[PDB]
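**Q** Provided hereafter are the protein sequence and its experimental coordinates.
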Amino acid sequence: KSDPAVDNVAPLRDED
Amino acid sequence: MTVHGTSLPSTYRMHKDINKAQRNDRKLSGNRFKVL
Amino acid sequence: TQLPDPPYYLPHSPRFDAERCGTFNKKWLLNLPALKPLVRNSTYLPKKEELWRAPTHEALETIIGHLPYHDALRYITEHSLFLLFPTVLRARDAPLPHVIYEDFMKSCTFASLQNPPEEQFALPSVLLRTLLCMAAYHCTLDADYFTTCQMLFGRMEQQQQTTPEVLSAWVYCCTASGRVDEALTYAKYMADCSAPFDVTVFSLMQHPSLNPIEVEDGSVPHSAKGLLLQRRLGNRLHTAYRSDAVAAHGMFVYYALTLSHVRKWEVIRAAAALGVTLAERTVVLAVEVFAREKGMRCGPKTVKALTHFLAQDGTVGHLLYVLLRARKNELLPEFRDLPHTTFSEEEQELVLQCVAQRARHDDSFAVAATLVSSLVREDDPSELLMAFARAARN
Amino acid sequence: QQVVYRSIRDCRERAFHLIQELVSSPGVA
Amino acid sequence: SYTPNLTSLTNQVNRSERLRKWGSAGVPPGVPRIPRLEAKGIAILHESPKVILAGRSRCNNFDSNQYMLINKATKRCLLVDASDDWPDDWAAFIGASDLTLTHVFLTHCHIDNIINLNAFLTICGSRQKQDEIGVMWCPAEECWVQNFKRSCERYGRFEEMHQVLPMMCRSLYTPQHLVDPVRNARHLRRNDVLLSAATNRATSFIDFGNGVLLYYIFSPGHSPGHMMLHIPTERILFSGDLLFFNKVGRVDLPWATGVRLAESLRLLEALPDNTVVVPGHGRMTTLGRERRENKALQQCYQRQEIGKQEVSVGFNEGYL
Amino acid sequence: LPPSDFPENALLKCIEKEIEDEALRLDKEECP
Amino acid sequence: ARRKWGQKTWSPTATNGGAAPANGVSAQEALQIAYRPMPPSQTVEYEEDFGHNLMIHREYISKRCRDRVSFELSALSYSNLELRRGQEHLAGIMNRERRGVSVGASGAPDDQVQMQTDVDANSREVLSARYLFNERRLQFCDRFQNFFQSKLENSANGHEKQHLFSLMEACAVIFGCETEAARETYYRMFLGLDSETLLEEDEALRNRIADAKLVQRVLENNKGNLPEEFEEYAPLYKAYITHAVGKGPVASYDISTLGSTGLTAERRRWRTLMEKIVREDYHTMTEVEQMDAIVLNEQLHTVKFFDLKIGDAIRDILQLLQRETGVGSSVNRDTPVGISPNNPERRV
Amino acid sequence: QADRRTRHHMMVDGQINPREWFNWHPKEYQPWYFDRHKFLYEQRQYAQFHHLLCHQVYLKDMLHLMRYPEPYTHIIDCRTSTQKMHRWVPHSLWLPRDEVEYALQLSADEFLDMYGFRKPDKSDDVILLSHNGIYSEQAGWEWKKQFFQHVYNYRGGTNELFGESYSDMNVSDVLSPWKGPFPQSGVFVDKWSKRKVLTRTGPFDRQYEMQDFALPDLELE
Amino acid sequence: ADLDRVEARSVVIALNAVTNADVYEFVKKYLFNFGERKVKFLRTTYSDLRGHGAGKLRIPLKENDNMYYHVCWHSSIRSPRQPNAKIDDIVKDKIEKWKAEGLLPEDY
Amino acid sequence: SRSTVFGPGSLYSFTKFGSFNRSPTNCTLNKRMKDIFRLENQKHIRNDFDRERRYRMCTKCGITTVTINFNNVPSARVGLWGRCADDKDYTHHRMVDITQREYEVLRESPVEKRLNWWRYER
Amino acid sequence: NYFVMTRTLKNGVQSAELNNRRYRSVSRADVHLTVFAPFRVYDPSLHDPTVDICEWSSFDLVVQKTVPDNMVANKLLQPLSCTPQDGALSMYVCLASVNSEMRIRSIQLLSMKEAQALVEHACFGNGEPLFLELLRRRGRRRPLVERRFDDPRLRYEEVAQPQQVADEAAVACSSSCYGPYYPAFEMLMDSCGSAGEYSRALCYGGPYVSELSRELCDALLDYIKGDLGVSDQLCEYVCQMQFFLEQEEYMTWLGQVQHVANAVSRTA
Amino acid sequence: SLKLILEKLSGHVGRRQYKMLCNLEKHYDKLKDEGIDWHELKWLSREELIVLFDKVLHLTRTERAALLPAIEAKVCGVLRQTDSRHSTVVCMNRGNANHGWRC
Ligand SMILES: [Zn+2]
Ligand SMILES: [Zn+2]
Ligand SMILES: [Zn+2]
Ligand SMILES: [Zn+2]
């Protein structure tokens, strides 16, 4: 339960 | 500034600030009567 | 090769194998010549050039540990290296841990680097936990050490910070001296203060060996799975119960493993008298140790305490066995000199009100409800046992 | 606790109420 | 000064205070030896039909004084606080006057007193070759003889560093060495006197010969063991470091208590005013002059009159 | 005063010592 | 009586040496000073008679302190464990006191050796870490070397080397002594080979041997198979047997007694080897003693650098805090900051 | 809050009594550089453990092992509280920091029975993660206490990958202002040094230095 | 790249245009990558380009004081000296107690 | 200084001043002076019977000790100047308890007469 | 602004903590203690810099004795004046904590006679005109809910034991040989307020303790710390408990600021 | 003299070094560009101080409570002599209106 401002795993996960 | 890392004007300013409490805080007013 | 086994009277069960950790093993006595070349090699110092090119953290530990106790404190006091306090705790001539705490506080008051005194004279909580656990391990060997630990805890409370780590170690200090009343009463104070019991001392309470200086050092390579199991069930028991239930479970295993079975039943005697809600694990554990001893070492108030705990939370067969064993031990010619179990007027209606509350929801309690009432009021006709065996066979 | 009253009859009621509490508390030997 | 530990080397103000006191050098220049130039001769201070007091002022660069009591009848001389930068005139003075050096009195064991004590016993002990010289001192000064080497490092006296003190040697009050049966010049010193702090007017004295008694008075505050010398027949008080001209001793050194120094100033109020007090530093005075025009004694009794229970008197700028 | 039942033998013997020395001293006046 | 501030009562003198007679005090006068009027409810009296003479011991601790007084200042032992440990803790303080005065000050002039030390402030290199010997000890050192240079130059770590240097340097300090009390003090700093330390492990071994036959007697009488040197395992077997039969709640896990038989056999072989060099009988050495002399030289080479390595560890912290702050500088890096140096995508 | 006065008995010297008893002497301590801005284990009080500090794995190396993992580079999460973890770092195995000192003493089989994955060999790379990098640093010293040759640390593991704002919540134990410390309550030392150790020159929020000896500088005047 | 040998007037212009909040925290950790000689020279050039020497640039800078106060803080740093849920249940249990004690009364 | 904080040679180290003689090399005295310096023959404990007395005997150095009121004040510092058989500390005593009457018949005997009394008799 | 703690030593002072610890493995009247501890703690080095005191905290101790029916040895050899039937003698020892060190301020011995003398014949034919007036204005305090920070070993044994021992002496002294002088004695023993401190100032107040003999001062410190059990462990605890409950009362003060300010805005 | 009195009112006070919570040194720079001196501050009446404290200085109720002991005493802003060349000692005597509040 958290909404972060920046994320580094998420743009690598979406294109995969 | 090489050996000691400070200058003599900067030495005198920090020397006056490391002991500011025990230099002068009160006027020591009042009168002391003899008790014996 | 055949060595005898100490009578723990513990249940041999796959559930309570974590409580079997802490028993001394005859397996470990057999692999002792396998470790004989390993201890001999470590007794020699390294070379001078390997010690000189050592890193700064390693060379500090390996010389101060070989230094005498007071000279090691002199290098700590002069260079203000407060993180070398676990190095001097394991010295070859270090005194009792009530002396080491005052020498710890003597080093930081004469230390060459002076912090603010709220940060300077504050020892880490792992050090106060290790200092009391050294003192509690010494209370196992000699119970008269508690009077000095009472004076030690009387100064650690007023100088250091009252943490749940230092309070849980003090419960283990009161437990190992044989004090059954005030150890559980200190644990009930932690439950009222919402303080969790320390799982590190809970694994050390159920291990009545392994002096905690050589546990953190790693001198015992085995029994670390047993150390991890007691920490995890202590994490398990705290999730649904309070801190007095976790500590009372540890005192039951400790008195079972020290062969002090007299004080083992004083824990259940004190837990019902104080108001501590016992966990479901230690209730079933108390039934099986009572089955191992066949009610030999038990009193009238201890069986009144177990039947009170089994009425609120317990199976019918465990409650039926402890009442069947208490009345049959009364019929034995050995226990005819000792008085019989007598239930007073108010507590007898209370355990019957709780067993009737369970009988309204459960079918196993409703058919055996009158058999519970027949066992506490002393009137036991054998035709109730005859119809019990007739309904079991048919 | 100390209660102040305005009459004699309520003090007679309370002292009768106080003795109802002292005999329902345990009858002496 | 002290041992350079880890926090003293990582402190910036330690590098800053050494810049303020000594400039760009940072190392304090020591207290050197007085050379053969700018040095005076031994003076005869007092001549009496009982004893003779011969002294020399400013014999060190600490501005200390060297005195000697010469007994007329026994021909026996006694040094008080034997610290001279040239103890060769004192050996020639006792050699040309047919005197026998038997003991050396020491008020206290600071570096202004025992810096040349091994030189005093060696040079004067070599002349009696063609019974050794004793040392009279108080065992409360044991903490200052351990730091005699530390004091020589700070004041630049490197030649007297590696010298074991003669009072540290095994005396009659110590257990003896068990030497191999297959050498007592340094193994045993039979002539050694340890003075007790319980000093009274009855029995705490040294029989100097021909009926003069040297009453030693325990008066700490400047040092742990500070033994004055009082000659009541001659009105002479060797105060040492306790009382000087218009000033008293320092308290800003270790093992120096200000409230012990005030009690030491109160125990000389029963002596007469014509008692010529002979200090270890500076000019000599009388005890009656210090009762009138000394502000340290004036502050000591003024705080006593207004009700101070722990009267603390003492200097922070002066003599060691 | 046996020490078994009376542990305050340091105080009770000290205070009766000071009752008599305040009585045997001759500086006090019994007359106001 | 009650005292007043500023008013004192003058009292007559007894005219017996003052309050403390400096000329001396007799036996019956000091008998009253011995049995001083202390309150006996908190006073412990003790005496011991040793043949001709006896010693009295009286100690009093007040009641107003035991909640705040130190455990070391008032060494009160309310248990038998604290009695045995508190006596051993106070024995080691006293024994270092009566031995420490034999080699430093208040010692014999031939028993005082000093060390010189010079450490570089920049390179952290130890220069001139020698001992300060006299001319008698230096005649022993060249007598050691000229024999060993005569034997190890025909065969075989360079020419100008000192063969077994830390062994002969440790033996030269012992050779130059003249008192046996200061001789054992130098044996204690050299790996603890003094006779009082060796006699304690001889008693600890002979009690383990006397306990090894106790476990051998129990196991043979119960059954009516064993390891090699059972007296090392005998404190571990006795701890389980006493735990099994019911007299004792705790069994032992401490394996420090493993290898103890050959250890104290090596410690007594190290001791007899070093006094063989003190008597200068090193012209003949068996193969057992020569393999002992090699391992003792490297063990004695690292015990004298205990003090110099602690000062070396502090000097590493001094040059660490003088480093440039931050992650570094751009001119003094071979690796990029955000990337590992062994990363495959290193060069973008 | 609201500026609670402290119960410690530190006091600056008066204006009447002389300065005495100089075998203990307080002075102000000021170091060369500030270290409050740095990481916790590269500060001044942790300077002796500088060689015990694990090597730093950065963010772009962590994204590389996310895409292309290696069979023996074991990413290990060292977060302790299960309530503060919300997402899963890829190719990671859970080893909490409170259990590291007992986990590495296990055998090869008992580590599998107590953690569900195989115990890593002493020669492979181990990379530890945490919230800020504090629990992974304390576990890295326990991983280096045992003979593990390659122990690595990602400082700011969870808070930079997932973008969270959390902490390991180290208490860093400081005495409460009712807890009176040792040297006021005790007769462990004599009364003159007891008064002089408790003396400080200035405010008591800054750091000080205690001198074990002092000599008077007679050469100034 | 050679981060210590970039032009100092170029760095203090690129750092002056940092106004977004998330890239401002990027600058805080990126400022440690410069050397100690470089980071004390970035303070003196940025103080003069906004002060007396503002005429050296072709266009004047914009006033970014939160970058100015952080660079002056970061240059002084490198230079030498010269559980919300569990806490909110604690306070609500105390106010529940104070109403039972009578310290928080009702309407009179 | 900081070097004299912890023992040996600390502030409250009461053994740093020196040790006793413990030798027959001086003051060869009689039975008369031992009796007037007995603990049991003193006035202040002759009329005291509430304190407990323990009479012990060394099996190695051969001394006869009596300690009273030890349960009230169990100081570990007592007997530290004992100096057992050959210049050892007082941890090498291994004392055994003796009664009141057999302490008196063993107190007047020399050190060797106590030792063969324990080994070959009783 | 205060907190009281009680302690009952059965069978005299020999059941204390110091008299019970011994070395192992080798009747009288009961004493009732009561320590009043207000929040009065200040630093006198600010008003006068010549005083080297960092902390000065005052707290009062009332020690009373009661004869049980179980003692047999010393029944009527001497009439005991400590009993509430005979005089009701009690010692009021005002203590102070001067830099974590217990110092006695005054040792008062008060009985029912001193309350009877102040109310009837303190003057020539009347009592004190101010002590009689302070007894004329004695309004009771509203019942405040007490909090129980007891010893953990006696936290769950019995709860109303200091309430039982408070009315044990209260029914014994009002029904005693001195009957109507107990309201004058309760205000004399009233440790909370200015009327009780003035009434105890009308009595003797004890001698100057530093003017006493040094053998008396060490024996009185051996009695209070050693025998009576009121030790420096308690004396350090009182200043800790004065600090903790000041923090506890500050949170209730912060709750009352919020409770008042929310009640104003909802009406305005 | 206005600089030093505002420094002592914000620093640590007493032998226990009690830190003053309100910083009165932030109001020094807004005091001197107005041209009002410490000697001119003593000549201000009660009506002129309320205009100065609310409008110009924006002094809070706790910062005005700490500055008022310096104004109610009329401390003279005279630099006293010291043993050093740089003196931080002001005469803390109470001023009189006959001598211009200079004591
Ligand atoms: Zn001097
Ligand atoms: Zn001098
Ligand atoms: Zn013996
Ligand atoms: Zn003025």
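**A** Received it, and whenever you're ready, just let me know what you need. Numbers count the residues shown, from 1 in each chain, chains lettered A, B, ... in the order given. Ligands and ions are numbered 1, 2, ... in the order given.
**Q** Would you map the helices across chain J?
**A** Ranges of helices in chain J, per DSSP state H, are J:31-36, J:43-46, J:101-107, J:111-119.
**Q** what about those helices, which gets the closest to residue D:26?
**A** helix J:43-46 (54.3 Å; Cβ to Cβ). From N, CA and C alone the C-beta is placed, and that goes for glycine too.
**Q** And that closest one, how far out from the chain middle?
**A** Mean C-alpha position of helix J:43-46 versus that of the full chain (Cα atoms, centre = their mean, to the nearest Å) differs by 19 Å.
**Q** Now do the same contact list for residue C:304.
**A** Shown in contact with residue C:304 (Cβ atoms under 8 Å, 6 or more residues apart in numbering or on different chains): C:272, C:341, C:343, C:347.
**Q** redo that, cut-off 6 Å
**A** With contact set as Cβ atoms under 6 Å, 6 or more residues apart in numbering or on different chains, residue C:304 has no partners.
**Q** any idea which helix or strand carries it?
**A** helix C:300-312 (DSSP states H and E).
**Q** need the next SSE after that helix, C-terminal direction.
**A** helix C:316-331.
**Q** which residues are in contact with the helix or strand following that next one?
**A** Tracing the chain C-terminally past helix C:316-331 and defining elements by DSSP H and E, one meets helix C:345-359 next. Residues outside helix C:345-359 that contact it (Cβ under 6 Å, 6+ apart) are C:308, C:311-312, C:365-366, C:369, C:372, C:376.
**Q** now helix C:345-359 and helix C:300-312, what's the angle there?
**A** Angle between the axes of helix C:345-359 and helix C:300-312 is 30 degrees (criterion: axes from the mean of the first three to the mean of the last three Cα atoms, to 10 degrees).
**Q** and residue E:3, how many residues sit next to it?
**A** 14 (other Cβ atoms under 10 Å in any protein chain shown).
**Q** Quickly find the element holding it.
**A** Here residue E:3 is assigned to no helix or strand, by DSSP H and E.
**Q** Likewise for residue I:93?
**A** Counting by DSSP H and E, residue I:93 is part of helix I:84-101.
**Q** check contacts around the closest residue to ligand 3 within the stretch 251-394 of chain C.
**A** Distance from ligand 3 to each residue of the stretch 251-394 of chain C (Cβ to the ion) is smallest for residue C:258, at 34.9 Å. Shown in contact with residue C:258 (Cβ under 6 Å, 6+ apart): C:208, G:249.
**Q** measure it to residue C:7 for me?
**A** 12 Å (Cβ to Cβ, to the nearest Å).
**Q** what's the answer for residue G:175, then?
**A** Residue G:175 is 62 Å from residue C:7, by Cβ to Cβ.
**Q** repeat for residue J:13
**A** 49 Å.
**Q** which one of the two has more residues nearby?
**A** residue J:13 (17 against 14).
**Q** residues near the closest residue to that one other than its chain neighbours, how many?
**A** Nearest residue to residue J:13 in three dimensions, chain neighbours excluded: residue J:7, at 4.3 Å (Cβ to Cβ, 6 or more residues apart in numbering or on different chains). The local packing of residue J:7 (other Cβ under 10 Å) involves 22 other residues.
**Q** my guess is residue J:7 contacts residue J:16, does it?
**A** No: using Cβ atoms under 6 Å as the test, residue J:7 is too far from residue J:16 to be in contact (7.8 Å).
**Q** just to revisit the earlier point, adding mean neighbour count and distance to residue B:22, write the helices of chain J out as JSON lines.
**A** Shown next, in JSON lines, are the helices of chain J (neighbours: other Cβ atoms under 10 Å in any protein chain shown; distance: least, Cβ to Cβ, whole Å):
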{"stretch": "helix J:31-36", "mean neighbour count": "11", "distance to residue B:22": "60"}
{"stretch": "helix J:43-46", "mean neighbour count": "12", "distance to residue B:22": "53"}
{"stretch": "helix J:101-107", "mean neighbour count": "14", "distance to residue B:22": "64"}
{"stretch": "helix J:111-119", "mean neighbour count": "14", "distance to residue B:22": "64"}
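**Q** Which residue comes closest to the residue of chain E found nearest ligand 1 once chain neighbours are left out?
**A** At 3.7 Å from ligand 1, residue E:110 is the closest residue in chain E, using Cβ to the ion. Leaving aside its sequence neighbours, residue E:110 sits nearest to residue E:320 (Cβ to Cβ, 6+ apart; 5.6 Å).
**Q** didn't that neighbour look like it was pressed against residue E:113?
**A** No: applying Cβ under 6 Å, one finds residue E:320 not in contact with residue E:113, separated by 9.4 Å.
**Q** Looking only at neighbour counts, state which of the two leads.
**A** residue E:113 (27 against 23).
**Q** check which helix or strand covers the closest residue to chain E within chain F.
**A** Using Cβ to the nearest Cβ, the single residue of chain F nearest to chain E is residue F:18, 23.2 Å away. Assigned by DSSP H and E, residue F:18 belongs to helix F:9-24.
**Q** That helix vs chain K: in contact?
**A** Yes: using Cβ under 6 Å from any Cβ of the partner chain, we find that helix F:9-24 touches chain K at F:10-11, F:14.
**Q** If you count contacts, what does that helix end up packed against?
**A** Contacts defined by 3 or more Cβ pairs under 6 Å, 6 or more residues apart in numbering or on different chains; DSSP states H and E place helix F:9-24 against helix K:214-221.
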